[PDB]
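Comments concern the structure below.
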Amino acid sequence: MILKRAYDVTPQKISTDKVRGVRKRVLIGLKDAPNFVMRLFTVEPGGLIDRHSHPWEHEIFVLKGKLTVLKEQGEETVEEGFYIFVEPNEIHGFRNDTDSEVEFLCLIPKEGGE
Amino acid sequence: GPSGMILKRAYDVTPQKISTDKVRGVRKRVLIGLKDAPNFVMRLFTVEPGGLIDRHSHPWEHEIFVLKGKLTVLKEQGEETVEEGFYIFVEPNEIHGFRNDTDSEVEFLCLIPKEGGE
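These protein sequence lines are chains B and A, in that order.
Going by the entry's author numbering, the first residue of the first sequence is number 1, and it counts up by one from there.
Going by the entry's author numbering, the first residue of the second sequence is number -3, and it counts up by one from there.
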């Protein structure tokens, strides 16, 4: 059994043409997980994960702040205490329009990698 | 399966009493359940003050994230208390359980492969 403070997992900066101002912690990764992986994303103020889609679903829980969720059209802001289920193939992305960091858990089946 | 995205306040789900020979003082919200999940389910457990999930094991793993309070984790050997912001991975067949020794509700997300139900 593994019991660990998530903050102590070293975050990975992601900074690409589609993703800026994001950090990703892999809490339960391919090394441990039989079926699905557990990540924790931090989105800095102004951070953006562009619209994209995957052949797998996402299961998300918003841990901190106000997360702007981009949909195939339009967007919806939700806050800490919301869960999100993104169906397979659904176009989606995320933005932080607030002045403080936003955090969410994001789990995918292991075919999506870690 | 279907398209779209569900976005919902977890507390808009009513916490339902779990009562079995090995569990007392616990409620559960199914957030992403069997009716929708392709692979794995997401539940939010509430452990009332003095609530107990006795040591047990399952043939599937558990992935847990502690949301609120101080959760005492029962292991095959001894116990350990963690708090909000901890995650827990429980291997398949690993003996584990939980207790709330505090005065206030403890909450944690618990995800399992959907073959284990919801």
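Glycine included, each C-beta is placed from N, C-alpha and C at the ideal position.
- When 9 Å is used as the limit between beta carbons, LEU27/B is near these residues of chain A: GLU59, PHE61, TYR83, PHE85, in chain order.
- For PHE36/A, the closest Cβ of chain B is nearer than 8 Å.
- In the three-state reduction of the DSSP assignment, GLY112/B falls in the helix class.
- Collapsing the DSSP output to three states places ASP8/B in a helix.
- With respect to the C-alpha of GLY65/A, the residue from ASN96/A, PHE36/A, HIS92/A having the closest C-alpha is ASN96/A.
- Its Cα nearest to that of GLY46/A, the residue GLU101/A stands out among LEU105/A, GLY113/A, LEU107/A, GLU101/A.
- Between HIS58/A and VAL86/A, the C-beta spacing is below 8 Å.
- When secondary structure is reduced to three states using DSSP, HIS58/B falls in the strand class.
- Any Cβ of chain B closer than 8 Å to the Cβ of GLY(-3)/A would place that residue at the interface, and such an atom is present.
- Annotation for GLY93/A: the continuous beta strand (DSSP E) segment containing it runs 92 to 95.
- C-alpha of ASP50/A to C-alpha of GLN73/B: approximately 47 Å in a straight line.
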